[PDB]
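>>> What shape does this take:
(chains A, B, C, D, E, F, G and H)
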Amino acid sequence: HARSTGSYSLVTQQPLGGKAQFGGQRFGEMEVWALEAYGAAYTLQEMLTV
Amino acid sequence: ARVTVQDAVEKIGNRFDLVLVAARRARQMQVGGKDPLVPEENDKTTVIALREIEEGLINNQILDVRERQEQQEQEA
Amino acid sequence: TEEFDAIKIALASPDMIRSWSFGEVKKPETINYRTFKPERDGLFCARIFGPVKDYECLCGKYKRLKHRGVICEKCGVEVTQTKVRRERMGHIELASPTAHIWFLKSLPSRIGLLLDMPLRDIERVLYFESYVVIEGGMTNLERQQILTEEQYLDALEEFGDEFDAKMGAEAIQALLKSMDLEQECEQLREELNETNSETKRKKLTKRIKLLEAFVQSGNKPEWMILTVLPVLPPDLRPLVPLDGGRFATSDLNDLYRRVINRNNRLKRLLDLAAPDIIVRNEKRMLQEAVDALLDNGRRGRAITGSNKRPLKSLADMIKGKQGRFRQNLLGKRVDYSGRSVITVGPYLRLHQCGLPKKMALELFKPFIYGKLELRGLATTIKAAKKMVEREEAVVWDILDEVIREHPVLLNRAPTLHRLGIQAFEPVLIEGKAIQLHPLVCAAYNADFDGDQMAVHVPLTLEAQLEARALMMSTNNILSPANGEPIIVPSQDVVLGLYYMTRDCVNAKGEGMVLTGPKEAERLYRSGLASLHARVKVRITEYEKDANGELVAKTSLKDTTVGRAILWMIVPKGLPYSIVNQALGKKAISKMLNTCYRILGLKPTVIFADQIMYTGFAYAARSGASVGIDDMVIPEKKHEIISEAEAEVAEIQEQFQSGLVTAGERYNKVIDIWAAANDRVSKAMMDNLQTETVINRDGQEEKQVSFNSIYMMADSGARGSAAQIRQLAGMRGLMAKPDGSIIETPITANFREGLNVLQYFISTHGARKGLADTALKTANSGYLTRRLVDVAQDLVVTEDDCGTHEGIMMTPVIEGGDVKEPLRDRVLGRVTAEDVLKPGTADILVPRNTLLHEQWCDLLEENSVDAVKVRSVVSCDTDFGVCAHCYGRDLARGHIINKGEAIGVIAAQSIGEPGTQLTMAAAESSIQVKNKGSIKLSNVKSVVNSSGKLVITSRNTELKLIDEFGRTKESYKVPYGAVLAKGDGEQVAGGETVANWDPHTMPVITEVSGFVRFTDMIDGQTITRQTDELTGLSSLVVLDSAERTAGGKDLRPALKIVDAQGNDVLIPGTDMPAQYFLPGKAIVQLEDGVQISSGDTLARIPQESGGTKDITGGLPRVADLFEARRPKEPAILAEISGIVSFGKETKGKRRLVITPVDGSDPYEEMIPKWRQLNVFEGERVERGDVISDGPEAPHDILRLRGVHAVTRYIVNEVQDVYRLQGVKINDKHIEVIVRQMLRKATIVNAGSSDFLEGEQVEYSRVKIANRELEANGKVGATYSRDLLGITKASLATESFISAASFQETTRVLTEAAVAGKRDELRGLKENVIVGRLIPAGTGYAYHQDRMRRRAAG
Amino acid sequence: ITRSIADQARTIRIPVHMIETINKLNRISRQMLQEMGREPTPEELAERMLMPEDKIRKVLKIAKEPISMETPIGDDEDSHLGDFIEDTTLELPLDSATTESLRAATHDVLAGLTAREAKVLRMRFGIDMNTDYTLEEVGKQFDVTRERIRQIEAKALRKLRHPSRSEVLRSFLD
Amino acid sequence: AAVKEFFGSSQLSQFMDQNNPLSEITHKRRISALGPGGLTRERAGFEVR
RNA sequence: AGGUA
DNA sequence: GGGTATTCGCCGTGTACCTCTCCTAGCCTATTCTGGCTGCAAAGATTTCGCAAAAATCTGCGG
DNA sequence: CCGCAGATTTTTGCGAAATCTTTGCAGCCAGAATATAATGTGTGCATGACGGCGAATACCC
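Residues are numbered from 1 along each chain as shown, chains lettered A, B, ... in the order given. Okay, here it is:
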């Protein structure tokens, strides 16, 4: 499953939904830690906001 | 393609502000206004910035001084 | 576009709640069912929360973008943007004030503690169980007291119109109104200066601190009682149509409907003057409904109709696991991402990965559109969309162009350490699976058995650059937890390398002379020689020498053809000796490490890729296959099995005779089977190891076998000796339920198929292993989460701070031998002291500097025993750590860069190996294994008439000085021992240098004279078991767990007096001449017996060990990081000076230490179940143990100091980890410790309250300020306190971080009542906010913002 | 009690008379179910009531109450129903980019026309200002309130009919 | 209605894993310690496992 | 709910 | 005095997929009159759209 | 290179209809009004991890 645009949510804006085109991949707290471990700041901000 | 950034890290020892300065250089490269200083192989701005920093053409100081001089001809 | 330096949390006021509200929700109506237009004025309302559809009044009046600055005044509905409906809040005017459940049922009840009133009383008042007086009058009734129905009626009858008392939340709110904070603060301040009573002063101090904190919060206590209840915007509690009779509705919607219903009913009842019972019932309704809405679950659950499930509440939506749901997990979904199964990428370069064409097209659709419109192949975005969905060949060149430079992030489904996400250059591949570089799968811990990986696209140019510089695989060739490379050849490539380098004894083309490895490759590929054969080859090796210049040396080496072929690959600059050997996993890893250290990054990456290709190619050419014959059964398996059966049958027969006990019989059988298993394994390994017996020229010789399974065993590709043992030998002993080892082991292996019953036996082991893996994975996840929480905010903020403090750093010796040398523990560390050579006083290490491999080699050459190293814990930096105090470790041999987040990398480093954690001649006679100088540390011994070097106390160590300065064998001498060696005597290896009975600790007298019984009653302290043969007895001093009624009033002791009766003191020992007998000290020598120096006085029975008392793995690591008590804290001597006993057994015996100088009285408690190692009248020092058993981190930090507790934690955790073969740089545990002790307790304040638990950084800046200033107030003194990682993360400076990953409700309540104002400057805080983290790339940005703050 | 069940028990409002109709429908459905012994057929339901049958089915749809999103989809999967609901009130970024490109193209085309024609068109349809003006409103500001203003608009339209300014806008509408 | 609730929507009423004859046989022969009146997944609880 | 790592 | 000695709540619990739609219940339940509300039908008032059409205007080229 | 024809531009005119407010209508809907036999009862309690931990009364010494 791959997406660049598609199903968002109501209460939140996290992209997920659809049996035709699904949401993106959950960038959970583990991956946020992984980025924080490096000097990964702008990539983290992309993961979070944009 | 730039396999390694170690040579760039050699010029800019922090390895974090290296990202900032090369990002500024590459953004001035992509956004219209600045023309390249190193030949390309149909490459985007990123490896251009890496090559420019690697040969010492661009660092924090050159980008800053250049943005001054350009500010002075545009104000005239 | 929004700028804000900090977030304040406080108590919401009814006025500002109305300020948020745009309209009052007066009806529980929602919609018109058939027409889904929201009702007025219901929970969904355009008149209140704004219009439903974009820029049009919900009356059909105005439908245009023109009518947007003016609202519709022709009807209630207003006209704005629809997104406004997602932000507008409402308010409900509660007829009766309602208490907030959070301020009520939290374990510290803020309402309860502010009123200093116990919880049951608030529960009864609020729930209308009893009345409470809201101020009285001139009555005998207190200002505050609860009264029952009849008591309240009696008070009302007795006292007329002077009695103000109500019931419930109205009464609580009235009480909060009647309470004034500032005036009480003034009263307490006046009273404190006047009061001298201890308890009164403590009460005044507690109350004044609480009230002053509440006033500083700027909150009015009445606000804890909700008068107006805010209601969430409807979009955050959506009501969306669904097919059929089912419609998605929020549990919040139903909860607010219930609240509105009950409020309206209360209003109607009040308007109707309903009886008191009914109005009390309806107020109970409102209180219960509000409590469920705020937090359903602390009131006996609330369920709805047509659905049996606890309704979601606001607290339940906030409180989540793991962490906050929407913000971080679960789960913060992301766009521009894909996911697919991974396959091997054996042709790829390290810096690139195979990405399927379809995923590349879907991921980069905006990029494709941009480039198509750039070259003008599409006139609009829609045309580009049609082109890409048609997938014409035109868009594919655009796709190749956009992919060429763009790097993409590859992510494993679980992320244990920072290598779980790595950048690669995508390479377009036809197919559907992501091809992953084989070298990288080790870092991902990903095996190609259906594992799925995700791909993320860094969009912005800064992110592309950031990924190429940091995320890239080639930039992360070294593990962050250890300098040795993480991209190591693993299994197939290792097997190929091993087969290529392993030499035979006879093959084609032996004895040839070759020049260059090129002739070797020519001979091998032409089939004129064999891949491995002893050959002299002329090769030019290059040596990095002089100043970094290559030294070409060309000479002949005796090697093999495969080795020369490999040497062709090896880049110039490495010694040939590295490859002229059999290459296992360890050999290749070491060779890569040497290549990286000597050459650099680019040669290392190129060499790793080339070695991967070579290993794969020569493994394929090897044809290494596992058949059915390559598990050759040892010939002695049947013989050994039959023998062991014979001995176990003999033992069973003897057990029936009653000669041997059941336990001894079981132990003997287990030992017999273990010996049989070892014999079988050894025979199997001898058979497989040297299976080849082929002749070199006619003379047969025994050399390494060509057997394939022995190749995978020896090369360490896959399968160890234990693994092959279950295949070719016999799989041996296992365990049954209850975890006991089975009496009869499995005598079969996997080549001789197991029978039914033995397989059923093995099933238990399989189930236990699988369940253990699952539970240990969950526990490791929780542990690493806690480590991330405590180490979240730590980041390198300074290049250097300047400090000569540090830790004393030595190679560690536990037991009797060294298992971790000095070099590995000190590699990459910075010096704290210019340590001299072990001989001459020469400085070989300059002022504080990074220690790389050359300095470590210099230290090894001049072996210095200890080095002071600047640890992070001793760093003087505040709000961060200096670069030097951390070290160098990352992905480079250079010092850490300023801005790097060491806390997170350390937490990941300690957490990731957590899935790998599934957990005579000792104490009888000390046997030094090698020959070296004997040295005694903290020894108390004097030579007696028998030449016995009897050591007293359990705090003496025996080290082994080597040829220069290094201890290599260390031992612990217990209380009472005999030593025939001196303090400088040389001892041979394996020689018994000390000895004592394994059945008991003997107390050997060092003086002479009659034994006098001091504090003795024959029948209370000692019991009569006189067995006089030569003047002996079996008098038993009762154990120090329980004694008699008269044995608890005396401390039994044996004084040694001469014939004259004068005291004869022991020379050269702190021990007094009056031996204070501890528990079970059997008095062999009776009163009136001449004792010789060298005779036992009282034996302390023991068992020579034989019982396991050591645990490890995840629970041990967690308990160490939580600073848990060991259930028996070994209390230390907490001040130096002479010690003495106190009054005996008030329940717990007291011990008074009075220093020889200074403040004398230091009486303390000791429980009577402890085994004392302290003897009254001896000179002890702060740090010496007082009772045996394990220690707790708290008192270690408190007494022995910060460095000591850091050393203890590091050593203990590293002992657990080295037990499983996992190596972690101790700096990670050091930074975790530094985060654990960030809180301190004030003794003397500067502006504190003399007991305030305060952040050490603020305390340190304040003490620095007062010291530099002429104002030395007060003060100020502090003592560092140690808190568990959960507690440290829970009590941080920012309430966002604490509330995020821990108890959210209680943290939020504490922050609100305290009015906390977190100022960010923390990774997780900025993550939640959604701005650049103050670490790494973002550190430059935040440092800029720091300059913009507090200054123009 | 009936009033309470009608009002405070239904998540969506249902009128009391409608609730009574629902109860009658359910009772007659039970009667027909136990008499025929198979199922309540809509034909007999229509026959018993004065109510046509389409109203019967719409009432049956109404009689069901909304369900929570917190219920798990798939019988206790750790995911909730609301985790799948797509936001239909949000304009897709594809459509937003199309709108931006269309606005740019219309602005360029209006710049390609004369001064007064483009000026009339801007206020006639509200192009690139947050307000819209009527034909007479534009005529009043152009101090010409006659057929002349509509003739100018028609002239602008006819000029746009040429296949040199309509080709760029031709892509947007298929 | 209750019988249909049991047979249709229950912890122990599952879509038949139907991709093999073996899959169907195993599903019909399956023994669950979970369900109404059994053990919740809040276990381990090593004994039963 | 079942299954995957 | 005082030190446990119970009981009494609160809290924490891996990641990330996929298939499934399964989510939903009693029916025991009275009558009605008056008035408004809202969607729709109908009418006065009014602006906005296109052709009409002739008259003025714009542009190509050879004698 | 200039004047008229084709093409393009200028100008006056009538029909059409839609929209905004008002009036009549029908389905929706709310409260007000009438007097059947029925009060200490129901009820859901759904229940088999594991470790930590303070708070809340009890009880020996």
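>>> What lies in contact with the helix or strand containing residue C:315?
Per DSSP states H and E: residue C:315 is located in helix C:314-318. Contacting residues not belonging to helix C:314-318 are listed as C:102, C:232, C:252, C:293-297, C:324-325, C:1304-1305, C:1308 [CB atoms under 8 Å, 6 or more residues apart in numbering or on different chains]. Heads up, the C-betas are built off the backbone N, CA and C, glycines and all.
>>> can you list the residues of chain D near DNA strand H?
Residues of chain D lying close to DNA strand H (CB under 7 Å from any atom of the strand) are D:15, D:16, D:17, D:18, D:146, D:147, D:148, D:151, D:155, D:159.
>>> ok, now which ones touch the residue nearest to residue C:1111 when sequence neighbours are not counted?
In space, and not counting its chain neighbours, residue C:1111 is closest to residue C:919: 7.1 Å by CB to CB, 6 or more residues apart in numbering or on different chains. Taking CB under 8 Å, 6+ apart as the contact definition, residue C:919 lies against C:1111, C:1112, C:1113, C:1116, C:1216, C:1219, C:1220.
>>> Just the element for the fifth one, please.
In this assignment (DSSP H and E), residue C:1216 forms part of helix C:1202-1219.
>>> So what touches the next helix or strand after that helix?
Using DSSP H and E, the helix or strand that follows helix C:1202-1219 in sequence is helix C:1226-1236. Helix C:1226-1236 has contacts (CB under 8 Å, 6+ apart) with C:481, C:787, C:790-791, C:794, C:825, C:828-829, C:871-873, C:875, C:881, C:886-887, C:889, C:902-903, C:905-907, C:909-910, C:1121, C:1123, C:1205-1206, C:1209-1210, C:1213-1214, C:1282-1285, C:1288.
>>> Please enumerate the helices of the chain.
Chain wasn't specified; assuming chain A. With DSSP state H as the criterion, chain A has helices at A:29-37, A:42-48.
>>> Hmm, no, I was thinking of chain D.
According to DSSP H, chain D carries its helices in the segments D:2-8, D:16-36, D:42-48, D:54-63, D:93-112, D:115-125, D:135-141, D:147-160, D:166-170.
>>> and what of chain B?
In chain B, helices defined by DSSP H lie at B:6-11, B:17-30, B:45-54, B:60-75, listed in chain order.
>>> looking at these, which is closest to residue C:160?
Closest approach to residue C:160 among the helices of chain B (CB to CB): helix B:17-30, 79.1 Å.
>>> Pull out the buried positions in that closest one.
Residues B:17-29 are the ones in helix B:17-30 that count as buried (16 or more other CB atoms under 10 Å in any protein chain shown).
>>> tell me which parts of the stretch 1251-1352 of chain C are close to chain B?
Contact residues, the stretch 1251-1352 of chain C versus chain B (CB under 8 Å from any CB of the partner chain): C:1336, C:1337, C:1339, C:1340.
>>> The same query, at a cut-off of 6 Å, please.
Residues of the stretch 1251-1352 of chain C that fall close to chain B, judged by CB under 6 Å from any CB of the partner chain: C:1336, C:1337, C:1340.
>>> before we move on, the earlier item: what is the orientation angle of the helix holding residue C:1216 with helix C:1226-1236?
With axes from the mean of the first three to the mean of the last three CA atoms, to 10 degrees defining the directions, helix C:1202-1219 sits at 130 degrees from helix C:1226-1236.
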